[PDB]
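Notes to accompany the following structure.
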Amino acid sequence: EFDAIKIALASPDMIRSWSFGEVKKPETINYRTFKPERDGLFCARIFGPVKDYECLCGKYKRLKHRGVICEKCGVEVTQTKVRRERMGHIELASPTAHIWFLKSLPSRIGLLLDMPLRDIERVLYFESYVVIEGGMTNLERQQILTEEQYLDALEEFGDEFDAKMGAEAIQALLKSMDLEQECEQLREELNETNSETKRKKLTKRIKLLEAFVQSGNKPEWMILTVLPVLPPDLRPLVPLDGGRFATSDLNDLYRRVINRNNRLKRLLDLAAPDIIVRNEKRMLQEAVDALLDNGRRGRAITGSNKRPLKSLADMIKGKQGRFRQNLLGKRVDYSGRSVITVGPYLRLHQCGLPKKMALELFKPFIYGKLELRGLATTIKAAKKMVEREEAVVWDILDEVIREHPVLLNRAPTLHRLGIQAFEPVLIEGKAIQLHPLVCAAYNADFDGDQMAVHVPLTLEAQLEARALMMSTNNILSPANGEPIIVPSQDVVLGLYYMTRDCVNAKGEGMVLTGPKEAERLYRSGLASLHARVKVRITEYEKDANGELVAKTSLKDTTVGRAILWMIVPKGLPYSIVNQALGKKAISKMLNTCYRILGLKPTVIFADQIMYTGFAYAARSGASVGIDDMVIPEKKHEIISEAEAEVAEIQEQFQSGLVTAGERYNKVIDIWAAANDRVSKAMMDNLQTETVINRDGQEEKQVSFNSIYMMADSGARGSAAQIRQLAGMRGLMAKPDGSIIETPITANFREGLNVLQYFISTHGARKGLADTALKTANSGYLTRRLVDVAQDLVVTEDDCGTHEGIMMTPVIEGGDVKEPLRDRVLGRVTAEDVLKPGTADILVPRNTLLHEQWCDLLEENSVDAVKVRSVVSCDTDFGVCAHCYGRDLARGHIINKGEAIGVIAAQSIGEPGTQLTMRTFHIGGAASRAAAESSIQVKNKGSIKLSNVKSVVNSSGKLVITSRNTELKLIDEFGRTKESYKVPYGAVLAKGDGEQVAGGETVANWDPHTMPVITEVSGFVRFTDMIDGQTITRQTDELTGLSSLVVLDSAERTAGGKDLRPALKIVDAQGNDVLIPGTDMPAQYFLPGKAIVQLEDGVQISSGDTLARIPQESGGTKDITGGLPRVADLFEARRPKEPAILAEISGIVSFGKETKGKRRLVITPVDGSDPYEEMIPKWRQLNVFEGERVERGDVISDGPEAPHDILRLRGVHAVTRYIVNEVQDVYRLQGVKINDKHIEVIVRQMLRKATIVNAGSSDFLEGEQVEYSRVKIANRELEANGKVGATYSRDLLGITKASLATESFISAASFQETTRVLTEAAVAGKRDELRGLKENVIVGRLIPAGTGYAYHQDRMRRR
Amino acid sequence: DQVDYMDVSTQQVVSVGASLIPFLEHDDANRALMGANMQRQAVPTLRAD
DNA sequence: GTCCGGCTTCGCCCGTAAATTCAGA
DNA sequence: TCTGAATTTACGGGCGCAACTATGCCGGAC
RNA sequence: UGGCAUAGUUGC
Ligand SMILES: [Mg+2]
Ligand SMILES: [Zn+2]
Ligand SMILES: [Zn+2]
């Protein structure tokens, strides 16, 4: 039918061509007879018959008159469907300016005339005059005349002179412009100019003019002369209860535009005075602006009930507009909804569907079966049979439900597992029975949740449900490799109880002949489920070429473990069920079964696990009482010690030794330490609570306490909630992420008196507000991620690229979080991994790193592997399978076609929203660390330092004077075993390259203050400081000394704004003491609110803290506060204090030092010497006058802008930075996301590139074009003898990247529909609808899944 | 001695919805909130109990 | 009952264009 | 007295998904 | 016989 959508300005001729008749009267319905008016908004001769194949007056009422037009009224007898698509038009009495192109910001009309928006607004709405064809007068072209100026011109320039007013003047100006001539002058002026802002304005004007010239548009069409009118059925009048019709919004706007138009026409007919017609023209312009986009100009006109009318712009844009309400998501037939229940008896592939919804959904199928079997000849008979619910239609329903999957969907479909297909089982009830295992995927508890059933209709849809969306195919989460059908809470508790041991139970020590004997003994009551015994176990190992080899032995086990072993399939080892089998153990068990055996064994194993866990949890009778929350006996003394600590800190504060912020931080930290101690004591008293013996001496064992038995097993809860139950429940956090320094000293078993139950409500309000108010942030972020990455689909199998990224184990400053096993799993290597010993190819170049390869890497102890990344793929319009890697939903490589962009967006967006809505699961307790203050090495090994510039103080202790010092504990084999972050101003017990042993500290500092340690010795001078506005000095009269605090930019006086307090180290003679072998003074700048305890001219030594700045508090560190960091990362926000990097390498030299803005210069060996940088002198510089620098090296410290990283260090550097930064946030919250998703998102961010040299291509000089287009153009050019155009990649935010797309439909459906549509119309854009969103909107096969083959065939058969 | 006033009753900090929850002090404040909101929705049965 | 018409402010964040203020020649 | 860069100010867009119940829906001349 | 507004509520 079609393959592209063309958008352009609608000329008046085109508008007339669309319309089938002018609308003249502002009347819709007679309101006595419901017939349409003669030629009103609702008309029959203009828009078509009201009834199908019936004339208005009834002259013709049959198909035999299909086409003829009645002469009595003039209605073309035809169907009413045409009335849905027949447009009208209104002949505006005067030209009217289209508001979109006037207030698009930028304004198309404004900068096409090179006129500011305020003045064109003044001219349009009849408040000033604008000259047209000034000629040989004292007037310019765009100059403006008010009433006084116009009078002066008229009385003084009554000769040939034209100064019109209103939209007519703007139309005349538009029509009197030669686009190509203006392009010539603007371009030749651009080449002949020198400024930069004017350069940007001129190039924007040139771009708009060239867009107009290239497209078929004309400027004057931007001013409406003929106004289109929407077909009536799209603005229907639907009767309301009573005679009154629905108070439609478009009808009112259209009907008060016809009013003004008719009034103005009547006034111009009789030549009314200029003022009255002028005011009428202004009112007409306002009415048309309100109709096109109400409220954009201001004074949003409101109808009855004072609600602004929904204009056309309001109908096509916004969350309630067509794109996001009727085209990207629609209501669907064959769908029902109902509450969900458990139904444990179900298998993983089936769901319990109520008989009533089953009958109601499958009505057409039942009709078809009834007709086929001859029980109802006519469809009326079949419908009657179905509605009576006869005894025979139920049999039909069972016969038609057999192999017909139904989609089950829960409301917040955060990720793709929120909609899964199940085989229906007819249930006698009104609630859908949902399998327990899939609940975790759905996040579907059974406390009132409702789910929706959809019925696939066509054979293709049924097979897609059966082969792609069946719950027995979604064993592994698409975000990571971990299983998603892991048993949640009851099954894991049952398995934990079953697989466990106690020192003395019934039937202990006896030797069993097999698992069957164990079950017989347990059921017979002769042996306890948990009693140590010996069992003859036969386990199958398939280390052969796929052959299962039996192995019989006598395992020391328990009765319960042996019983459970009967459920494990053959190929698994026995040790897999020889542990306590917590939740993580069961998850690993299922994962190993999947990787070793396959899918069907895993599904059967999961079903059997669920059944046996439920059965034995029921048998265990594991209940909860009030005597199970045992209170520790150490709680009171810990509380007393913490209270003594806060009392002493308060005493110090009242003496002025500490300020309020650091006192608050210290109180928070000591209370957190006390809470951790109480929790530790509680768990110690709880886990070993039971000591049991009846055969000799006492033997401690892990307790059978219900609370502990459920916490350890991972069934429900964690350390935090059990802590709140038994131990002190600690600090709370206010909704604004502020921690209430007053703790709660009582647990939940004890009281929580009135005052304590008032601090708690702050945290409870925080938790519930973050669920209902801050979930919009996660939803917005995931929508942006999806809409930036939706067209990215796997196309090829291998691009043959040798580029990649170096994946290494991540140690952010503690121990290993994600080892190399989990960072390179299921990703294709880039280069051969040589053996660590000597240049031996350990893995080939293009082998997928599955479990065996990763274990080989582990046993060979590899530290870094280069793997192919999505961001470094040489494929145009997609990603080859190899650079992506493992599917992460199946165990194989990504299939050719699967849409990885949407999967990545969902994977990155789902955990944020889920944790945002789960924040209320810990009440409101603040998650806090001990604030470190030291670095305790755990393992023996050498110590090395990176990014370190330290100095030795008086006491010989090495002090770190660098910001980003990394202390690495290296092993004797050269492998970095641990990493640590050393803050600026830490004291190191040991040094660089020095051996250490475990358990001894190597660094210590004060976390609550940032010191300003020096580099040399001398005396202190308060240079460039004045008391009163530069610092606030506090006098200590009784002691005789004084202190002072630097007051930040907020507090200091505007007069003398730029006064910089600094501590300048000077020699005894009074001259600055230069730092070792440099050419600049050793002066240290004091930032705001810096506490100086020194006095002017006081002796100091090297490595001494001149001043200490309070570090300010950090509130609750949960997802709610960390998600903004992820959003900023993916939006590519420039930090407030970006680190300045070196554009080019070479030698460094300081230049003029002009005005306190010191100039840096980098002179390469033989390249472009005169490169220069403007560096403010108030910020520190790492490099000074002496040394080499590589490009991308830090000249100063601070956060690094991702744009700088991309420009200097390259694509791999910026993608690694983004991956690590977002993964830090998601690791803090315990979220497991594979780096593939972040890497593909980063790719979608850096999808544009700006040309620097046109080369031999046809691109402009500095335009921005798709990286793929420029790359393919360069490839084609180098195929011949020409040379391609050099480019520079750009990093764009997800919002900007999504909006700046070749297709205007995808951007229009996204934010800024008005702006996107305006730019597309002006530029005359053409959309090939080659993405996913466009194909969804249009309503054709998606080019991602099964439709990928169809789209490829269509491209071949273009 | 400095005490100028005393709370008249221990219930005065809550409303008539949360004051009907026995052992409120042992419930997490969120769960007290939900308990009150759900008492507001209970349907009258055939016979009171 | 049947027919006809044009007084509310009070949110948080960020991107981008226009206006201002330096900082010079 | 002019002119470019950087800074400030003004102003337009964004602010998750799904679901259920109830009431009210225009004010002024012949 | 389908639309908008306001209020309340459920699951996240
Ligand atoms: Mg629920
Ligand atoms: Zn007729
Ligand atoms: Zn590739």
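Quick note, the sequences are listed as chains J and I, same order. Just so we're aligned: 419 in the deposited numbering is position 404 of the first sequence, and the numbers increase by one with no gaps anywhere. Just so we're aligned: 649 in the deposited numbering is position 2 of the second sequence, and the numbers increase by one with no gaps anywhere. From the three backbone atoms N, C-alpha and C, an ideal C-beta is built for every residue, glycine too.
- Sixteen is the threshold: when 16 or more other Cβ atoms of the shown chains lie within 10 Å of the Cβ of residue 745(J), as they do, the residue is buried.
- Contacts with chain J (Cβ-Cβ distance below 7 Å) from the stretch 656-685 of chain I involve 657, 660, 672, 673, 675, 676, 677, 680, listed in chain order.
- Cβ contact annotation for residue 1026(J) (same chain, cutoff 6 Å, sequence separation greater than five): 1000, 1120, 1123, in chain order.
- Nearest to residue 892(J) by C-alpha distance, out of 445(J), 1067(J), 811(J), 202(J), is 811(J).
- Close to residue 769(J), with beta-carbon spacing below 8 Å, are these residues of chain I in chain order: 654, 657, 660.
- Residue 784(J) has a beta carbon lying at 9 Å or more from every beta carbon in chain I.
- Counting of Cβ neighbours within 10 angstroms places residue 1305(J) among the buried residues, the total reaching 16 or more.
- Residue environment: residue 101(J) is assigned as buried (16 or more neighbouring CB atoms within 10 Å of its CB, all protein chains considered).
- The straight-line gap separating the alpha-carbon atoms of residue 769(J) and residue 710(J) is approximately 50 Å.
- For residue 1169(J), no pairing in a beta bridge is given by DSSP.
- Taking a C-beta distance under 9 Å as the contact criterion, residue 500(J) and residue 614(J) do not qualify as a contact pair.
- Relative to ligand 1, the beta carbon of residue 459(J) is positioned inside 8 Å of a heavy atom.
- Scanning chain I for C-beta atoms nearer than 9 Å to the C-beta of residue 766(J) yields 672, 673, reported in chain order.
- Our two residues, residue 214(J) and residue 1278(J), have alpha carbons roughly 13 Å apart in a direct line.
- Taking one beta carbon from each stretch, the stretch 378-395 of chain J and the stretch 404-411 of chain J have 3 or more pairs nearer than 8 Å; the two touch.
- Cα atoms of residue 830(J) and residue 993(J): separation of roughly 6 Å, rounded to the nearest angstrom.
- Uninterrupted beta strand (DSSP E) stretches at least 3 residues long and entirely within the stretch 450-492 of chain J occur at 465-469, given in chain order.
- One Cα belongs to residue 678(I), the other to residue 1244(J), and the distance between them is close to 24 Å.
- Between the C-alpha atoms of residue 1259(J) and residue 732(J) there is a straight-line separation of about 39 Å.
- For residue 1159(J), there is no enclosing beta strand (DSSP E), as DSSP marks it with neither H nor E.
- Here the alpha carbon of residue 254(J) sits roughly 16 Å from the alpha carbon of residue 267(J).
- For residue 1098(J), same chain residues with a beta-carbon under 6 Å away, outside a window of 5 residues either side, are 1077, 1079 in chain order.
- Annotation: Cβ neighbours of residue 776(J) in chain I (cutoff 8 Å, chain order): 676.
- For residue 739(J), a Cβ of chain I is located within less than 9 Å of the residue's own Cβ.
- A Cβ closer than 6 Å to some heavy atom of ligand 2 marks a residue here, and those residues are 70(J), 71(J), 72(J), 74(J), 85(J), 87(J), 88(J), 90(J).
- The beta carbon of residue 811(J) sits closer than 8 Å to at least one heavy atom of ligand 3.
- Annotation note: the stretch 772-858 of chain J contains the following uninterrupted alpha helix (DSSP H) runs of length 4 or greater, listed N- to C-terminal: 790-803, 835-838.
- Nearest in C-alpha terms to residue 1217(J), of all of 1269(J), 1152(J), 1280(J), is 1152(J).
- Residue pairing by DSSP places residue 995(J) opposite 982(J) in a beta bridge.
- DSSP lists 244(J) as the bridge partner or partners of residue 103(J).
- Per DSSP, residue 691(J) is one residue of the alpha helix (DSSP H) stretching across 675-702.
- For residue 752(J), the nearest beta carbon of chain I is not closer than 9 Å to its own beta carbon.
- Put simply, the stretch 837-844 of chain J touches the stretch 860-873 of chain J. At least three CB pairs are less than 8 Å apart.
- According to the DSSP secondary-structure assignment, residue 745(J) is paired through a beta bridge with 759(J).
- For residue 177(J), the enclosing beta strand (DSSP E) has its first and last residue at 177-179.
- Assignment of residue 37(J) by DSSP, reduced to helix, strand and coil, places it in the strand class.
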